[PDB]
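Below you'll find the structure, written out as structure tokens, and then a few comments.
No value in this document is a laboratory result; all are computed from the given coordinates. Methodologically, a virtual Cβ is constructed for each residue, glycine included, from the backbone with ideal geometry; neighbour enumeration extends over all protein chains shown.
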Amino acid sequence: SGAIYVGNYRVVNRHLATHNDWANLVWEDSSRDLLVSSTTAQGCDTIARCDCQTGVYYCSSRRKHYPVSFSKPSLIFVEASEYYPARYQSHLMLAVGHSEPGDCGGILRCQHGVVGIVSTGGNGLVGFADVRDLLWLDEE
Ligand SMILES: COc1ccccc1CC(=O)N1CC[C@@H](NC(N)=O)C1
Ligand SMILES: [Zn+2]
């Protein structure tokens, strides 16, 4: 589990969105595993606007933050899970790092701010849904 709180937005994995998220929906995209809902309180996270390929992510199954090198956002085939059939996911970045299904939502960050959230993984890989192209998260 986990979310990014930026401005009056909450960014979560689409597959973990709550009824309150759907009833306060701003934007969602199944092909990216992302959903954004509105919030009453202002958040403290800032979004990175950069091309970093190194950062640090939070892994709940280890209660630890790990440094990682990650690929550029791409279209990658993701295996079937309890939440999606096997399909192509867009804007996904892969890295070598531990992950388990419930690690989705952990933040990946660089020196510039939040880069994305854990979305996929297995066998010593972890995949992150990028958010750096969503420029509208920084305004209104
Ligand atoms: C972090 O995911 C894993 C880690 C280790 C093993 C297996 C997984 C995959 C998994 O169970 N998934 C459930 C949510 C689905 N998200 C998506 N964007 O398709 C991925
Ligand atoms: Zn950066």
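The order of the peptides 37-47, 9-19 by mean Cβ neighbours within 10 Å, most packed first, is 9-19, 37-47. Annotation for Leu25 and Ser1: the two label points, set 7 Å from Cα along the Cα-Cβ direction, are 2.2 nm apart.
Stretching the chain fully between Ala80 and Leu135 yields a gain of 16.8 nm (0.36 nm per residue, less the alpha carbon separation).
Within 10 Å, count the other beta carbons around each residue, average over each peptide in 72-82, 129-139, and list them highest first. Show your work: numbers first, answer last.
Numbers: 72-82: 12.2, 129-139: 16.5.
Most protected by this proxy first, the peptides run 129-139, 72-82.
Shape descriptor for the chain: Rg over Rh equals 0.93 (Cα atoms; Rh from the Kirkwood inverse mean 1/r). Our compactness index for region 53-102, the C-alpha radius of gyration over the empirical 2.2 N^0.38 Å, is 1.25.
Please find the FRET efficiency linking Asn8 to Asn123, where r is the Cβ-Cβ separation and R0 is fixed at 35 Å, and quote it to the nearest 0.05. Working shown, then result.
Details: r = 38 Å, r/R0 = 1.09.
With a Förster radius of 35 Å, E is 0.35.
Can you give the log10 of the normalised intensity I(q)/I(0) at q = 0.14, 0.18, 0.22 Å⁻¹, computed with Debye over equal Cα scatterers of region 83-140? Each listed q corresponds, in turn, to -0.41, -0.66, -0.91. Sorting the segments 102-114, 51-63 by their mean number of nearby beta carbons within 10 angstrom, highest to lowest, gives 102-114, 51-63. Under the simplified labelling scheme, the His98-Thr18 pair shows an inter-label distance of 2.8 nm, with each label point 7 Å from Cα along Cα→Cβ. Applying Stokes-Einstein at 4 °C and 1.567 mPa s to the Kirkwood radius of region 3-44, computed over alpha-carbon pairs, gives a translational diffusion coefficient of 129 µm² s⁻¹.
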